[PDB]
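**Student:** Dropping in structure.tsv, with TSV, C-alpha atoms and all ligand atoms.
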chain	number	residue	atom	x	y	z
A	1	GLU	CA	23.03	134.93	112.07
A	2	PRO	CA	19.61	134.00	110.58
A	3	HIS	CA	18.93	130.64	108.97
A	4	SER	CA	16.51	129.08	106.54
A	5	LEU	CA	15.66	125.84	104.84
A	6	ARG	CA	13.70	125.46	101.61
A	7	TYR	CA	12.59	122.34	99.77
A	8	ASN	CA	11.44	122.77	96.13
A	9	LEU	CA	9.36	119.81	94.97
A	10	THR	CA	8.41	119.63	91.31
A	11	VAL	CA	5.97	117.21	89.75
A	12	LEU	CA	4.94	116.61	86.13
A	13	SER	CA	1.73	115.74	84.31
A	14	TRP	CA	1.62	114.98	80.59
A	15	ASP	CA	-1.86	115.37	79.08
A	16	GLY	CA	-3.56	114.58	82.37
A	17	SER	CA	-1.23	111.68	83.16
A	18	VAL	CA	1.18	112.11	86.06
A	19	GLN	CA	4.74	111.06	85.48
A	20	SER	CA	6.51	108.63	87.82
A	21	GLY	CA	9.44	111.00	88.13
A	22	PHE	CA	9.89	114.13	90.20
A	23	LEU	CA	12.64	116.19	91.80
A	24	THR	CA	13.42	118.11	94.99
A	25	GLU	CA	15.69	121.10	95.28
A	26	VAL	CA	16.90	121.80	98.77
A	27	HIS	CA	18.73	124.95	99.82
A	28	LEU	CA	20.20	125.30	103.29
A	29	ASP	CA	20.81	128.80	104.56
A	30	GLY	CA	20.32	129.96	101.00
A	31	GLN	CA	22.75	127.52	99.42
A	32	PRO	CA	22.50	124.47	97.11
A	33	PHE	CA	22.36	121.62	99.60
A	34	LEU	CA	20.89	118.52	97.93
A	35	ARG	CA	19.00	117.37	94.82
A	36	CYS	CA	16.69	114.39	95.02
A	37	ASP	CA	15.51	111.80	92.56
A	38	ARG	CA	12.64	109.49	93.39
A	39	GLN	CA	15.29	107.03	94.58
A	40	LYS	CA	18.28	109.19	95.53
A	41	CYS	CA	19.41	112.35	97.18
A	42	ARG	CA	22.67	113.73	95.82
A	43	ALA	CA	24.67	116.20	97.91
A	44	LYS	CA	25.50	119.59	96.47
A	45	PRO	CA	28.30	121.97	97.53
A	46	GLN	CA	27.15	122.26	101.15
A	47	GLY	CA	25.99	118.73	100.55
A	48	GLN	CA	29.59	117.56	100.72
A	49	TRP	CA	30.48	120.23	103.29
A	50	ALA	CA	28.24	118.19	105.54
A	51	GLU	CA	29.04	114.84	103.94
A	52	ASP	CA	32.46	114.88	105.67
A	53	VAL	CA	31.43	115.67	109.27
A	54	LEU	CA	28.60	113.08	109.58
A	55	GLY	CA	29.30	110.88	106.61
A	56	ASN	CA	26.02	110.27	104.76
A	57	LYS	CA	23.04	111.53	106.80
A	58	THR	CA	22.14	113.82	103.81
A	59	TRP	CA	20.82	110.54	102.50
A	60	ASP	CA	18.55	108.23	104.41
A	61	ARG	CA	16.32	110.30	106.68
A	62	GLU	CA	16.03	112.93	103.96
A	63	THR	CA	15.65	110.82	100.81
A	64	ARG	CA	13.00	108.84	102.69
A	65	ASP	CA	10.78	111.79	103.63
A	66	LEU	CA	11.25	113.73	100.38
A	67	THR	CA	10.16	110.83	98.21
A	68	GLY	CA	7.09	110.51	100.36
A	69	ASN	CA	6.00	114.10	99.90
A	70	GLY	CA	6.82	113.51	96.26
A	71	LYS	CA	4.52	110.52	95.85
A	72	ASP	CA	1.99	112.58	97.83
A	73	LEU	CA	2.10	115.57	95.52
A	74	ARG	CA	1.97	113.10	92.62
A	75	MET	CA	-1.60	112.52	93.76
A	76	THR	CA	-2.32	116.16	94.60
A	77	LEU	CA	-1.64	116.85	90.92
A	78	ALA	CA	-3.46	113.82	89.49
A	79	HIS	CA	-6.35	115.38	91.35
A	80	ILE	CA	-6.57	118.61	89.30
A	81	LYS	CA	-9.27	118.69	86.59
A	82	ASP	CA	-8.71	121.16	83.72
A	83	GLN	CA	-5.49	119.44	82.68
A	84	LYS	CA	-5.09	121.06	79.27
A	85	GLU	CA	-3.12	119.11	76.68
A	86	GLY	CA	0.62	119.12	77.18
A	87	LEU	CA	3.35	118.86	79.77
A	88	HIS	CA	2.57	120.54	83.03
A	89	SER	CA	4.16	120.87	86.43
A	90	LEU	CA	3.13	121.50	90.00
A	91	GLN	CA	5.59	122.77	92.54
A	92	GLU	CA	5.40	122.95	96.27
A	93	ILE	CA	8.03	125.08	97.90
A	94	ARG	CA	8.13	124.69	101.66
A	95	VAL	CA	10.09	127.46	103.34
A	96	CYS	CA	11.02	128.16	106.97
A	97	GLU	CA	13.47	130.57	108.46
A	98	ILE	CA	14.80	131.20	111.96
A	99	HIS	CA	15.20	134.93	112.44
A	100	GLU	CA	17.62	136.74	114.75
A	101	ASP	CA	14.53	137.19	116.87
A	102	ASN	CA	14.97	133.49	117.59
A	103	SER	CA	11.45	133.68	116.19
A	104	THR	CA	10.26	131.30	113.49
A	105	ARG	CA	8.36	131.36	110.21
A	106	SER	CA	7.33	128.43	108.01
A	107	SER	CA	5.24	128.53	104.83
A	108	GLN	CA	4.55	126.45	101.74
A	109	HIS	CA	3.77	127.61	98.18
A	110	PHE	CA	2.13	125.97	95.18
A	111	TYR	CA	2.78	126.70	91.50
A	112	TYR	CA	1.24	125.54	88.25
A	113	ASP	CA	3.63	125.49	85.34
A	114	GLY	CA	5.68	127.93	87.39
A	115	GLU	CA	2.86	130.31	88.33
A	116	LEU	CA	2.28	130.79	92.06
A	117	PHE	CA	-1.45	130.27	92.61
A	118	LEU	CA	-1.74	129.39	96.26
A	119	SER	CA	0.36	129.75	99.41
A	120	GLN	CA	-0.13	129.21	103.10
A	121	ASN	CA	1.46	130.20	106.38
A	122	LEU	CA	2.13	126.80	107.93
A	123	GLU	CA	2.32	128.40	111.38
A	124	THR	CA	-1.00	130.29	111.29
A	125	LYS	CA	-2.37	128.23	108.39
A	126	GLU	CA	-3.52	131.26	106.39
A	127	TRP	CA	-4.14	130.59	102.67
A	128	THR	CA	-3.34	133.29	100.13
A	129	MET	CA	-3.63	133.88	96.40
A	130	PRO	CA	-1.17	136.31	94.66
A	131	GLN	CA	-1.90	139.43	92.58
A	132	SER	CA	-3.73	137.45	89.82
A	133	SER	CA	-7.13	135.68	89.94
A	134	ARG	CA	-8.75	132.71	88.14
A	135	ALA	CA	-6.01	130.57	89.54
A	136	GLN	CA	-8.71	130.50	92.21
A	137	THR	CA	-10.29	127.35	90.87
A	138	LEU	CA	-6.83	125.79	90.77
A	139	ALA	CA	-6.26	127.00	94.33
A	140	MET	CA	-9.66	125.59	95.32
A	141	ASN	CA	-8.92	122.31	93.54
A	142	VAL	CA	-5.71	121.84	95.43
A	143	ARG	CA	-6.98	123.26	98.69
A	144	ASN	CA	-9.98	120.97	98.85
A	145	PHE	CA	-8.14	117.77	97.91
A	146	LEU	CA	-5.51	118.56	100.48
A	147	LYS	CA	-8.33	118.72	103.03
A	148	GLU	CA	-10.03	115.59	101.66
A	149	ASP	CA	-6.87	113.44	102.11
A	150	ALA	CA	-6.83	114.65	105.73
A	151	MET	CA	-10.16	112.85	106.13
A	152	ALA	CA	7.25	121.11	112.20
A	153	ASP	CA	9.41	118.78	110.12
A	154	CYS	CA	11.11	121.63	108.33
A	155	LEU	CA	12.26	123.58	111.37
A	156	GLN	CA	12.79	120.19	113.01
A	157	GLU	CA	15.23	119.55	110.23
A	158	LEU	CA	16.70	123.01	110.12
A	159	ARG	CA	17.36	122.90	113.85
A	160	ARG	CA	18.88	119.47	113.32
A	161	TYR	CA	21.35	120.43	110.58
A	162	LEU	CA	22.17	123.46	112.64
A	163	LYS	CA	22.87	121.62	115.91
A	164	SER	CA	24.48	118.70	114.07
A	165	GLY	CA	27.13	120.96	112.59
A	166	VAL	CA	25.87	120.65	109.00
A	167	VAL	CA	26.10	124.50	109.05
A	168	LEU	CA	29.01	126.24	110.78
A	169	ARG	CA	27.42	128.62	113.22
A	170	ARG	CA	29.61	131.73	113.34
A	171	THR	CA	28.85	133.61	116.57
A	172	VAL	CA	30.18	132.96	120.06
A	173	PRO	CA	28.71	134.66	123.16
A	174	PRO	CA	31.10	136.44	125.54
A	175	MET	CA	31.69	135.63	129.17
A	176	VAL	CA	31.04	138.61	131.35
A	177	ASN	CA	32.61	138.94	134.78
A	178	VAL	CA	32.53	141.91	137.12
A	179	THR	CA	35.48	142.29	139.54
A	180	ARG	CA	36.46	144.91	142.16
A	181	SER	CA	39.93	146.32	142.89
A	182	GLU	CA	39.99	146.72	146.70
A	183	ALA	CA	40.44	150.39	147.51
A	184	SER	CA	41.18	153.40	149.68
A	185	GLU	CA	40.22	157.09	149.25
A	186	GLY	CA	39.36	157.45	145.54
A	187	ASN	CA	37.76	154.12	146.45
A	188	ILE	CA	37.33	151.08	144.20
A	189	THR	CA	37.67	150.05	140.61
A	190	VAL	CA	35.05	147.71	139.32
A	191	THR	CA	35.96	146.06	136.03
A	192	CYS	CA	33.68	144.41	133.54
A	193	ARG	CA	35.26	141.75	131.34
A	194	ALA	CA	33.90	140.00	128.25
A	195	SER	CA	35.84	137.07	126.81
A	196	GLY	CA	35.81	134.26	124.30
A	197	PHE	CA	33.29	135.92	121.97
A	198	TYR	CA	33.02	136.24	118.17
A	199	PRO	CA	32.64	138.30	116.06
A	200	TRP	CA	34.42	141.40	117.41
A	201	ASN	CA	31.74	144.15	117.45
A	202	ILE	CA	30.69	144.18	121.10
A	203	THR	CA	29.24	146.81	123.44
A	204	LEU	CA	30.60	147.08	126.96
A	205	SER	CA	29.80	149.98	129.27
A	206	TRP	CA	28.96	150.88	132.87
A	207	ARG	CA	25.73	152.37	134.10
A	208	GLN	CA	25.16	154.29	137.31
A	209	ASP	CA	21.47	154.56	138.24
A	210	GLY	CA	20.47	153.21	134.85
A	211	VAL	CA	22.07	156.09	133.00
A	212	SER	CA	25.14	155.21	130.97
A	213	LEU	CA	28.49	156.56	132.16
A	214	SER	CA	30.20	159.12	129.93
A	215	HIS	CA	33.24	158.21	127.87
A	216	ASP	CA	35.93	159.27	130.33
A	217	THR	CA	34.51	158.29	133.69
A	218	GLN	CA	35.43	154.77	132.58
A	219	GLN	CA	38.61	153.16	131.35
A	220	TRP	CA	38.61	150.98	128.23
A	221	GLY	CA	40.53	147.88	127.21
A	222	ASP	CA	41.34	147.23	123.59
A	223	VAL	CA	39.50	144.43	121.80
A	224	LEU	CA	42.08	141.69	121.78
A	225	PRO	CA	42.43	138.11	120.51
A	226	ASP	CA	41.33	135.39	122.97
A	227	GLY	CA	40.87	131.64	123.00
A	228	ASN	CA	40.19	129.61	119.84
A	229	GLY	CA	40.02	132.53	117.45
A	230	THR	CA	37.75	134.57	119.76
A	231	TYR	CA	38.23	138.08	121.17
A	232	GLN	CA	38.10	139.70	124.61
A	233	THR	CA	38.05	143.16	126.18
A	234	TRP	CA	37.00	145.10	129.29
A	235	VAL	CA	35.69	148.31	130.93
A	236	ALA	CA	36.19	149.80	134.36
A	237	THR	CA	35.24	152.95	136.25
A	238	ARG	CA	36.07	154.30	139.69
A	239	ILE	CA	33.29	153.59	142.18
A	240	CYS	CA	33.06	155.29	145.57
A	241	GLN	CA	32.24	153.85	149.00
A	242	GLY	CA	29.41	151.36	149.08
A	243	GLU	CA	27.58	152.66	146.04
A	244	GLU	CA	27.95	149.55	143.87
A	245	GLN	CA	24.20	148.98	144.25
A	246	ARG	CA	23.80	151.70	141.62
A	247	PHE	CA	26.47	150.38	139.29
A	248	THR	CA	25.85	147.84	136.60
A	249	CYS	CA	27.81	146.73	133.56
A	250	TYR	CA	25.98	146.41	130.23
A	251	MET	CA	27.09	144.25	127.28
A	252	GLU	CA	25.80	143.78	123.72
A	253	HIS	CA	26.90	141.27	121.12
A	254	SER	CA	25.52	140.45	117.68
A	255	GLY	CA	22.07	141.46	118.84
A	256	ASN	CA	22.20	139.88	122.29
A	257	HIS	CA	22.44	141.74	125.58
A	258	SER	CA	22.68	141.27	129.35
A	259	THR	CA	23.40	143.32	132.47
A	260	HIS	CA	25.74	142.38	135.29
A	261	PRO	CA	25.93	143.92	138.76
A	262	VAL	CA	28.85	144.53	141.13
A	263	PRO	CA	29.72	141.54	143.35
A	264	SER	CA	29.35	141.87	147.12
B	1	LIG	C1	11.65	125.28	91.83
B	1	LIG	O1	11.94	124.07	91.11
B	1	LIG	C2	11.69	124.11	89.66
B	1	LIG	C3	12.49	122.99	89.05
B	1	LIG	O2	13.86	123.14	89.38
B	1	LIG	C4	12.06	125.43	88.97
B	1	LIG	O3	11.38	125.49	87.68
B	1	LIG	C5	12.20	125.63	86.54
B	1	LIG	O4	12.90	126.90	86.55
B	1	LIG	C6	13.52	127.34	85.29
B	1	LIG	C7	13.54	128.84	85.37
B	1	LIG	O5	12.22	129.35	85.53
B	1	LIG	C8	12.68	126.99	84.00
B	1	LIG	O6	13.45	127.23	82.82
B	1	LIG	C9	12.21	125.54	84.05
B	1	LIG	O7	11.48	125.15	82.89
B	1	LIG	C10	11.32	125.54	85.28
B	1	LIG	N1	10.40	124.43	85.34
B	1	LIG	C11	10.80	123.17	85.51
B	1	LIG	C12	9.70	122.11	85.56
B	1	LIG	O8	11.97	122.84	85.62
B	1	LIG	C13	11.67	126.63	89.83
B	1	LIG	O9	12.03	127.86	89.22
B	1	LIG	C14	12.42	126.41	91.12
B	1	LIG	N2	12.61	127.62	91.92
B	1	LIG	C15	11.60	128.24	92.52
B	1	LIG	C16	11.95	129.48	93.33
B	1	LIG	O10	10.44	127.86	92.45
Will you turn the file into structure tokens for me?
Ligand SMILES: *[C@@H]1O[C@H](CO)[C@@H](O[C@@H]2O[C@H](CO)[C@@H](O)[C@H](O)[C@H]2NC(C)=O)[C@H](O)[C@H]1NC(C)=O

**Tutor:**
Amino acid sequence: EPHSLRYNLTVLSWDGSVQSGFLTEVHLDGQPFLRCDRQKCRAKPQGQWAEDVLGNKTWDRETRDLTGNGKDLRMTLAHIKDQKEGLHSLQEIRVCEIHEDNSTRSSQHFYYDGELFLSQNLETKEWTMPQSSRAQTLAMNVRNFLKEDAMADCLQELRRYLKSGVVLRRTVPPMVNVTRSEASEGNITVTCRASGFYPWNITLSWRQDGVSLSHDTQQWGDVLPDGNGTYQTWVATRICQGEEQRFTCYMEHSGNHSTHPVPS
């Protein structure tokens, strides 16, 4: 289950002058989350979703920081020169996703009157101009100023919302446990069990000397319902003498994997 957070800040400038107002569009995991004034953040669908659980958090912390960046961009715009007559806008879309990889990505993009003219990879800080060119000056304008004023928080936030239950994570890792069935001549029966996981597509299987056992050598348990809406299942094969050293159970679930050996 991948996740992402995106804030869309828009700012206006009428004939050079920069308006006092501005707005932020926030989408959590690709869904309308909040909308923010200069003095308020209103929850959206997911906005409420959350609203219940914690109460109001999609208020304070947020509204505070968003306004700031707003007032900040307000300047960033004021800064640009060739402000032709009319109503114009400058948008800064900060994006950041958390891939299955558990790996991260966080960028930020700038648009003039809707046209993307400059973007940057917040992680590696690489600037980039799209397929057009003369937006360069604009890009330069912005770029420079940004630097001048100089003379994390997204993912921070994403992680937060995530961990705080704002978004209902929908994947539960299984519990693997290898057990042996004391034995005689045909020898023992090691059994690999996976429980309490969700969703249902899981991969259980034994491996002797690294190589996967054939479908037959092992016995399979159906994928059945387990605790709190989870599932559970199992796999076993007949091991001989003291050869467990070579046997290992392998399990895969929604992209995650792990190997378990035979107890002593
Ligand atoms: C980012 O935010 C702005 C404001 O919500 C979006 O810009 C508007 O989008 C619609 C469709 O293009 C236009 O009719 C409006 O005139 C646009 N400008 C403004 C100032 O509202 C923008 O499309 C949003 N989404 C993205 C991906 O940038």

**Student:** Kindly give the distance, in Å, that separates CA of residue 145 (chain A) and CA of residue 86 (chain A), rounded to a single decimal.

**Tutor:**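 Spanning CA of residue 145 (chain A) to CA of residue 86 (chain A) is a straight-line distance of 22.5 Å.
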
**Student:** Would you mind listing the residues within 7 Å of ligand LIG 1 (chain B), counting only C-alpha atoms and all ligand atoms, as number ranges by chain?

**Tutor:** A: 8-10, 25, 89, 91, 93, 113-114

**Student:** Which value, in Å to one decimal, gives the distance between CA of residue 225 (chain A) and CA of residue 199 (chain A)?

**Tutor:**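 Pair CA of residue 225 (chain A) / CA of residue 199 (chain A) returns 10.8 Å.
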
**Student:** In Å, rounded to a single decimal, give me how far CA of residue 37 (chain A) is from CA of residue 16 (chain A).

**Tutor:**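 Going from CA of residue 16 (chain A) over to CA of residue 37 (chain A), I get 21.8 Å.
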
**Student:** Could you produce a table of the residues of region 176-200 of chain A lying within 7 Å of region 231-240 of chain A, with the nearest pair of atoms per residue and their separation in Å rounded to one decimal, using all atoms listed in the file, ordered by chain and increasing residue number, as CSV?

**Tutor:**
residue,atom,partner,partner_atom,distance
A:186,CA,A:240,CA,6.7
A:187,CA,A:240,CA,4.9
A:188,CA,A:239,CA,5.2
A:189,CA,A:238,CA,4.6
A:190,CA,A:236,CA,5.5
A:191,CA,A:236,CA,4.1
A:192,CA,A:235,CA,5.1
A:193,CA,A:234,CA,4.3
A:194,CA,A:232,CA,5.6
A:195,CA,A:232,CA,4.1
A:196,CA,A:231,CA,5.5
A:197,CA,A:231,CA,5.5
A:198,CA,A:231,CA,6.3
A:200,CA,A:231,CA,6.3

**Student:** So which residues fall inside 10 Å of (15.6, 116.8, 92.1) if we count all atoms listed in the file? Mind giving them as a VMD selection string?

**Tutor:** chain A and resid 7 to 11 21 to 26 34 to 38 40 to 42 66

**Student:** Considering all atoms listed in the file, return as a list in words whatever protein or nucleic-acid residues lie within 8 Å of residue 116 (chain A), sequence-local ones (same chain, fewer than 4 positions apart) excluded.

**Tutor:**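 Contacts, in chain order: residues 109, 110, 111, 112, 129 and 130 of chain A.
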
**Student:** With all atoms listed in the file as the atoms that count, which of A:164, A:174, A:133, A:101 lies nearest to residue 255 (chain A)?

**Tutor:**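 Counting all atoms listed in the file, the residue closest to residue 255 (chain A) is A:101.
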
**Student:** When you get a chance, write out N, CA, C and O atoms for region 31-56 of chain A, as a CSV table (one decimal), in the frame of the given file.

**Tutor:**
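Below you can see out19.csv, which holds the result:
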chain,number,residue,atom,x,y,z
A,31,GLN,N,21.7,128.1,100.2
A,31,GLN,CA,22.8,127.5,99.4
A,31,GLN,C,22.4,126.1,98.9
A,31,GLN,O,21.9,125.3,99.7
A,32,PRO,N,22.8,125.8,97.7
A,32,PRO,CA,22.5,124.5,97.1
A,32,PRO,C,23.0,123.4,98.1
A,32,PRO,O,24.2,123.4,98.4
A,33,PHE,N,22.1,122.6,98.6
A,33,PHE,CA,22.4,121.6,99.6
A,33,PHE,C,22.3,120.2,99.1
A,33,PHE,O,23.2,119.4,99.1
A,34,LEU,N,21.1,119.8,98.5
A,34,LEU,CA,20.9,118.5,97.9
A,34,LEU,C,19.9,118.6,96.8
A,34,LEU,O,19.2,119.6,96.6
A,35,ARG,N,19.9,117.5,96.0
A,35,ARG,CA,19.0,117.4,94.8
A,35,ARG,C,18.5,115.9,94.9
A,35,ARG,O,19.3,115.0,95.0
A,36,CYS,N,17.2,115.7,94.9
A,36,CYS,CA,16.7,114.4,95.0
A,36,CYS,C,15.8,113.8,94.0
A,36,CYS,O,14.8,114.4,93.5
A,37,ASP,N,16.2,112.6,93.5
A,37,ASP,CA,15.5,111.8,92.6
A,37,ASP,C,14.3,111.3,93.3
A,37,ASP,O,13.9,111.8,94.3
A,38,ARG,N,13.8,110.2,92.8
A,38,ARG,CA,12.6,109.5,93.4
A,38,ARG,C,13.3,108.4,94.2
A,38,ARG,O,12.6,107.8,95.1
A,39,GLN,N,14.5,108.1,93.9
A,39,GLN,CA,15.3,107.0,94.6
A,39,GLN,C,16.7,107.4,95.0
A,39,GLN,O,17.5,106.6,95.3
A,40,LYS,N,17.0,108.7,95.1
A,40,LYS,CA,18.3,109.2,95.5
A,40,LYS,C,18.3,110.7,95.9
A,40,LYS,O,17.6,111.5,95.3
A,41,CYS,N,19.2,111.0,96.8
A,41,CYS,CA,19.4,112.4,97.2
A,41,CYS,C,20.9,112.5,97.0
A,41,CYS,O,21.7,111.8,97.6
A,42,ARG,N,21.3,113.4,96.1
A,42,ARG,CA,22.7,113.7,95.8
A,42,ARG,C,23.1,115.0,96.5
A,42,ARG,O,22.3,116.0,96.4
A,43,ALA,N,24.2,115.0,97.2
A,43,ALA,CA,24.7,116.2,97.9
A,43,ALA,C,25.2,117.2,96.9
A,43,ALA,O,25.7,116.9,95.9
A,44,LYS,N,25.1,118.5,97.3
A,44,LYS,CA,25.5,119.6,96.5
A,44,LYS,C,26.7,120.2,97.2
A,44,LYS,O,27.4,119.5,98.0
A,45,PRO,N,27.1,121.4,96.8
A,45,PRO,CA,28.3,122.0,97.5
A,45,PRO,C,28.2,121.7,99.0
A,45,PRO,O,28.9,120.8,99.6
A,46,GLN,N,27.4,122.4,99.7
A,46,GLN,CA,27.2,122.3,101.2
A,46,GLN,C,26.9,120.8,101.4
A,46,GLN,O,27.2,120.3,102.5
A,47,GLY,N,26.3,120.1,100.4
A,47,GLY,CA,26.0,118.7,100.6
A,47,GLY,C,27.2,118.0,101.0
A,47,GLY,O,27.1,117.2,102.0
A,48,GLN,N,28.3,118.2,100.4
A,48,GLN,CA,29.6,117.6,100.7
A,48,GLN,C,30.0,118.1,102.0
A,48,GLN,O,30.4,117.4,103.0
A,49,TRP,N,30.1,119.5,102.1
A,49,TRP,CA,30.5,120.2,103.3
A,49,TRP,C,30.1,119.3,104.4
A,49,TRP,O,31.0,118.7,105.1
A,50,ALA,N,28.8,119.1,104.6
A,50,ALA,CA,28.2,118.2,105.5
A,50,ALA,C,28.8,116.8,105.4
A,50,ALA,O,29.6,116.4,106.3
A,51,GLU,N,28.5,116.2,104.3
A,51,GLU,CA,29.0,114.8,103.9
A,51,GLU,C,30.2,114.4,104.8
A,51,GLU,O,30.2,113.3,105.4
A,52,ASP,N,31.3,115.2,104.9
A,52,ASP,CA,32.5,114.9,105.7
A,52,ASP,C,32.1,114.6,107.1
A,52,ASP,O,32.0,113.5,107.6
A,53,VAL,N,31.8,115.7,107.9
A,53,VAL,CA,31.4,115.7,109.3
A,53,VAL,C,30.7,114.4,109.7
A,53,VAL,O,31.2,113.7,110.6
A,54,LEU,N,29.5,114.2,109.2
A,54,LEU,CA,28.6,113.1,109.6
A,54,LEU,C,28.7,111.8,108.7
A,54,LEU,O,28.4,110.7,109.2
A,55,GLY,N,29.2,112.0,107.5
A,55,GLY,CA,29.3,110.9,106.6
A,55,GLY,C,28.2,111.0,105.5
A,55,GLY,O,28.4,111.6,104.5
A,56,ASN,N,27.1,110.3,105.8
A,56,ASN,CA,26.0,110.3,104.8
A,56,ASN,C,24.6,110.8,105.1
A,56,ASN,O,23.8,110.8,104.2
